[PDB]
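Undergrad: Final position of the sequence shown in the authors' numbering is 38; the numbers increase by one with none missing. Beta carbons are placed, not taken as given, at the ideal position from N, Cα and C, and that holds for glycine. Here you go, one structure.
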Amino acid sequence: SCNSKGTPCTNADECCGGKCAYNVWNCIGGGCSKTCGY
Numbered sequence: 001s002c003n004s005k006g007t008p009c010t011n012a013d014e015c016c017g018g019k020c021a022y023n024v025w026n027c028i029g030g031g032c033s034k035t036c037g038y
């Protein structure tokens, strides 16, 4: 059970590829929503 890119998560495990993290310019690390890369 995994997820795909563009999907919200809290850990890399949530991503079949292992790329869980948020990438924003107006969302400093600390209260954001990480997304899948692969």
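1. Just to confirm the assignment, what range does the beta strand (DSSP E) spanning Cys36 have?
2. Whole angstroms are fine: how far does the CA of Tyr22 sit from the CA of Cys32?
3. Between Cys27 and the rest of its own chain, which residues show a CB-CB distance below 6 Å, the 5 nearest in sequence each way excluded?
4. In the DSSP assignment, what are the bridge partners of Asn23?
5. Can you name, in chain order, every residue of its own chain whose Cβ lies under 8 Å from the Cβ of residue 44, other than the five neighbours on each side?
TA: The structure says:
1. Indexing the sequence shown from 1 puts residue 36 at position 36. First-last of the beta strand (DSSP E) with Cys36: 34 to 36.
2. If you number the sequence shown from 1, residue 32 lands on position 32. If you number the sequence shown from 1, residue 22 lands on position 22. Looking at the two C-alpha atoms, the distance is approximately 7 Å.
3. For the purposes of this step, residue 27 is taken as the residue at position 27 of the sequence shown. Closer than 6 Å at the Cβ level, and outside the excluded window around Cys27, lies no residue.
4. Mapped onto the sequence shown, residue 23 falls at position 23. According to DSSP, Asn23 bridges with nothing at all.
5. For the chain, the structure presents residues 1 to 38; residue 44 sits outside this window and is missing.
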